[PDB]
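*Asks:* everything below, folded, please.
(one chain, ligands or ions: 4)
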Amino acid sequence: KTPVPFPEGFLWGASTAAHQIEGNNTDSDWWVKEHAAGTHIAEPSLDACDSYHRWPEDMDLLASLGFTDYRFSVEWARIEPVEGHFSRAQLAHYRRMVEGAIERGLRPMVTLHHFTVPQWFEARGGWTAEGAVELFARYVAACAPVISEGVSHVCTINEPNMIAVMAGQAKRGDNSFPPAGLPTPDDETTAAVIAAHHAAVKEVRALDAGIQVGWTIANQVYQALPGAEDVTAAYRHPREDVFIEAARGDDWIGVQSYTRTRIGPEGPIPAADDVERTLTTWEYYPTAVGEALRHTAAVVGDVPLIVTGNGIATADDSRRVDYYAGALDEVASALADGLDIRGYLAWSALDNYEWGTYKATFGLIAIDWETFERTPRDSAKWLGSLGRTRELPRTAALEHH
Ligand SMILES: OC[C@H]1O[C@@H](O[C@@H]2[C@@H](O)[C@H](O)[C@@H](CO)O[C@@H]2O)[C@H](O)[C@@H](O)[C@@H]1O
Ligand SMILES: OC[C@H]1O[C@@H](O[C@@H]2[C@@H](O)[C@H](O)[C@@H](CO)O[C@H]2O)[C@H](O)[C@@H](O)[C@@H]1O
Ligand SMILES: [Cl-]
Ligand SMILES: [Cl-]
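*Replies:* Residues are numbered from 1 along each chain as shown. Ligands and ions are numbered 1, 2, ... in the order given. The relevant structure is shown in the block below.
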């Protein structure tokens, strides 16, 4: 019904991840998987957006559009290309990104880990191997020159619940996803990423640089059909809630939401045949983030919430505007209800490599895969303008009360 001004210092921006935009990330586990014999990965990442060279243009564009914040990742595979050999070259590359954000009036949120790992880290047995926790923490300590000045927010591990899910697949040797919901996570990896996270928090806080640290959650918005509450709770806990519980002592927690999955007495039910879908196959559900935020609050307590990824894969930008109008309304609504939300970062700043395909275009900013030309979409112009306005618009539908 009425507009909700940004809280003071509210993050307003977009998010990317190194492997999805940078191009030539050739020391990652993913680079190997993309080219392995028998890979199921539909297409290779290759040059992606070449943000390795073109992040200056990325950030010029974001700032010009009126965004005030940029979440990007720094890449362990580059920083530690072989075990024990830290690249000062790549550390400086990443420090230049932080400084470059600041010089363009963008507050940088730094993700230290976004799914990919060094191939050597995978080859030695991944998150569940002996020493994996110490290895991650050492990498985190080594990022100190990148994050010790000018960075207010660090994300340790992006969506550890997706890590645990995929480890569950790899352990069973499963290649396909169920028609709804998520594969049983590997509880071993669950434990390992949680211990890795706490150790990373210690490392960042040890810098005594005031950094707010936490991690981000792939919120599924599991909804119980009436009667199926207990099944829904059991299903969601290892997939989501256990990672939110591990964040209860953190300085902030990231909410990443896109769609919803209904759960019946037998478990996850797929979207109806006739309901609107996005280019990811997911049900179009603009109000997801609303439920994601509220569920996250219920579980995590009073840890500040930030939306660190939210959007839609679509070829129709006016449908993206629709999606954000509903998502922003849910953010406003949660704020007005008194949730402590301190930022909104859209997924994604650019069209990017969506873990195996380039067809699932999530970008505010269009990318030509041949020339690397950036073209802001209209959604980008509108959302960006809110960085100056600093007020969340509402949809024209009525609230209760
Ligand atoms: O791969 C099957 C199953 O493994 C699960 O992990 C188990 C682990 O918790 C247990 O300690 C040991 C005991 O030998 O067995 C398994 O490794 C994992 O959580 C599931 O995702 C997998 O489906
Ligand atoms: O897919 C768009 C972006 O979203 C993230 O990962 C999502 C996750 O949020 C969601 O729960 C699952 C559904 O099974 O899909 C993943 O792709 C990542 O932050 C981004 O890398 C990803 O591109
Ligand atoms: Cl090196
Ligand atoms: Cl990384």
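
*Asks:* residues near the nearest residue to residue 190 once chain neighbours are set aside, how many?
*Replies:* For residue 190, ignoring the flanking residues on the chain, the nearest one in space by C-beta to C-beta, 6 or more residues apart in numbering is residue 164 at 4.6 Å. In short, each C-beta sits where N, CA and C put it, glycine included. Neighbour count of residue 164, defined by other C-beta atoms under 10 Å: 27.

*Asks:* 381 is where my numbering starts, stick with that
*Replies:* OK, 381 is where the count begins now, so the last one is residue 544.

*Asks:* surely residue 544 is in contact with residue 569?
*Replies:* Yes: with the criterion set as C-beta atoms under 8 Å, residue 544 and residue 569 qualify as a contacting pair; they are 4.6 Å apart.

*Asks:* so the residue nearest to residue 570, which state does it fall into?
*Replies:* Assigned with DSSP: H, G, I helix; E, B strand; the rest coil, residue 544 falls in the helix class.

*Asks:* any idea how far it is from residue 537?
*Replies:* For residue 544, the distance to residue 537 (C-beta to C-beta, to the nearest Å) stands at 11 Å.

*Asks:* quick check: neighbours shared by those two?
*Replies:* By the contact definition C-beta atoms under 8 Å, 6 or more residues apart in numbering, residue 544 and residue 537 are jointly contacted by residue 573.

*Asks:* who's in contact with the residue in the stretch 431-580 of the chain that ligand 4 sits nearest to?
*Replies:* Among the residues of the stretch 431-580 of the chain, residue 456 lies closest to ligand 4, at 3.4 Å counting by C-beta to the ion. With contact taken as C-beta under 8 Å, 6+ apart, residue 456 is in contact with 492-493, 496-498, 501, 519.

*Asks:* backbone dihedrals for it, please?
*Replies:* phi -60, psi -50 (degrees, to the nearest 10).

*Asks:* from residue 624, how far off is it?
*Replies:* When distance is defined by C-beta to C-beta, residue 456 is 24 Å away from residue 624.

*Asks:* then stretch 422-435 to CSV, C-alphas only?
*Replies:* These are the backbone C-alpha positions of stretch 422-435, laid out as CSV (Å, rounded to 0.1, in the frame of the first residue of the first chain):
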residue,chain,number,x,y,z
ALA,A,422,25.9,-29.0,-21.5
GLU,A,423,28.3,-26.2,-22.4
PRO,A,424,31.8,-25.0,-21.2
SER,A,425,32.4,-21.6,-19.5
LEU,A,426,35.3,-20.6,-21.7
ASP,A,427,35.6,-16.8,-21.9
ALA,A,428,32.2,-16.1,-20.2
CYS,A,429,31.9,-12.3,-19.9
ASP,A,430,35.7,-11.7,-19.7
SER,A,431,35.1,-9.8,-16.5
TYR,A,432,38.7,-10.8,-15.7
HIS,A,433,39.6,-7.9,-18.0
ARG,A,434,36.3,-6.0,-18.1
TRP,A,435,35.3,-5.6,-14.5
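
*Asks:* now it: buried residues?
*Replies:* By 16 or more other C-beta atoms under 10 Å, the buried positions in stretch 422-435 come out as 424-432, 434-435.

*Asks:* go on, stretch 473-482?
*Replies:* Of all the residues in stretch 473-482, those buried under the rule 16+ other C-beta under 10 Å are 473-475, 477-478, 480-481.

*Asks:* good, wrapping up.
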